[PDB]
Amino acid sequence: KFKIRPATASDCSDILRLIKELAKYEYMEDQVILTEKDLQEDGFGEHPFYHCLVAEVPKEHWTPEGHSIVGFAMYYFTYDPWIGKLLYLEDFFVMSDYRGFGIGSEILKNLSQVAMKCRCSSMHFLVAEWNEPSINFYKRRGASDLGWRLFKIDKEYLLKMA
């Protein structure tokens, strides 16, 4: 019905499409500046900066536009000074017409295996307070709630400090 597997270079175009689809639930699609080239260069070179799992369905189940990828998860490893290695889930999305069949659960299942393989102590991720569905989805699977502010110094200034 569907296969959850590691992403490949040729999946990048599908990954970009879903990232954007995910940005429509935030009403900021125009905010995505990454291209298929950036994704290939950043995820499939010598040193990947991210890792991806995708959901591929059979031909008689592709989208009308002809896409074979209907879901994905983007993640990377982070480190915590107190407990160590963590698996950080950055994005997680399943297209509308492909929800309810267990794709999301299968993806989380593969993410858990990647985590145990990493010897990671936990998997962390963000969830919008207003997206109850995703909340109840994660809660039923062991997730639990976990005063600082995120600052940013752009290249502009970084280059100056250098």
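Start at 1 and count along the sequence shown; that's the residue number.
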_Missing residues between residue 146 and residue 147 in the deposited sequence, please: none, 1 to 3, 4 to 9, or 10 or more._
4 to 9
*Averaging the C-alpha B factors as listed in the entry, name the stretch that ends up higher: 12-20 or 136-144.*
136-144
*May I ask you to compare 125-133 and 91-99 by their mean CA B factor in the entry and name the higher one?*
125-133
*Name the residue from 119, 37, 109, 59 with the greatest C-alpha temperature factor listed in the entry.*
119
*Could you say which of 63, 113, 105, 31 has its CA atom at the highest B factor, as listed in the PDB entry?*
31
*Would you mind checking where the Cα B-factor of residue 160 ranks among the modelled residues of its chain, as the lowest, middle or highest third?*
highest
*Can you work out whether the C-alpha temperature factor of residue 46 puts it in the lowest, middle or highest third of the chain?*
highest
